[PDB]
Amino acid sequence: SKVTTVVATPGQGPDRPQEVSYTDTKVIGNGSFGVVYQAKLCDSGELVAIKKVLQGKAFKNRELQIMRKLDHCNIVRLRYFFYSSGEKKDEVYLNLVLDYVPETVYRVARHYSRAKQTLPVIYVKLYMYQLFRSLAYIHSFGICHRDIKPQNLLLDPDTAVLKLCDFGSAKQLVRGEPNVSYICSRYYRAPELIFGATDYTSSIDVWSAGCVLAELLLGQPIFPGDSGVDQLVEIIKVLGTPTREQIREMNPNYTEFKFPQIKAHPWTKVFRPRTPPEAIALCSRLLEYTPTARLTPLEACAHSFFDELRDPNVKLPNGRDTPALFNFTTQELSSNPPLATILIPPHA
């Protein structure tokens, strides 16, 4: 289309206003925190993504605030950001120029589902492993994503690299201070969120990540449900009824409800027959009523399901090498050093 030139600031590094020109703008996503366009940086030819949200100017943008702080190979990189205005007065926009990634787990999963097939287990391990790695990263800053779903997981089909994106709902959780329970995409909401909890923790990202893993093994969302009551019923049909204890660990003030019938179901009678034992094991360890009983993200990466990735021979199905998975920084493993012995293979 037309060429656009703005004064932008780099995301990370020294704050030095610089000139940026981009073109070939098309829309490629929407959200309750703005539009996402694809674009081409003029002078380098590189494709980028620009997310445009309306800004109050009277209040900071937390998405920007968080993004500036991150830097990890599994989280989409913020290149620059700039403001702009619209047709109407007192109407400023914040624009985040981020790396552009070709696919998203949501599409790759839909594409396979449409083909009446399941995603090759090797991809399942690779995508899920990188999701947990990122999850551990942002949690170590005390940041909870609050919106983990397949559409927010970017993929590069060729390199098999996954990148967490959309920090629109992200927030740094602090003990004692309350949080709204209405964030997070239906199918991925942790029980505590459905129950109204406002004192939940980062472990809600793990429940979600677990919903993603299960969805990738089943070919459809594992806990669908129009109402929260239906989701709770789907969940109870797989984990069994919650003990009074558990319901309390999810949401202290809670308000009792009916429910009852069926309890402690076959976790193995959930997935297709060929489903790898370890994949089901990881799910159980991820979808737990008690939030503190859920594996942490780093412990998830150390799970046996991800052993193939640690294998010295491992290669993508297209003969190419696997993405970065062991280059853990000391800071990255400091939350649970002992894991290093499983995280970093012998040949490293």
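From 1 onward, residues are counted along the sequence shown.
The PDB entry records a higher mean C-alpha B factor for 248-256 than for its counterpart among 101-109 and 248-256.
Between 264-272 and 177-185, the higher mean Cα B-factor belongs to 264-272.
When the C-alpha B-factors of 287, 280, 295, 316 are ranked from the entry, the top spot goes to 316.
Looking at 218, 92, 76, 190, the one whose CA carries the top B-factor in the deposited record is 92.
Split the chain's modelled residues into thirds by C-alpha temperature factor. Residue 5 is in the lowest one. In this PDB entry, residue 126 carries a Cα temperature factor that places it within the middle third of its chain's modelled residues. When the modelled residues of the chain are ordered by their C-alpha B factor, residue 116 lands in the highest third. Residue-level temperature factors show residue 307 in the middle third of its chain, judged at the C-alpha atom. Ranked against the other modelled residues of its chain, the C-alpha B-factor of residue 203 as given in the entry falls in the lowest third.
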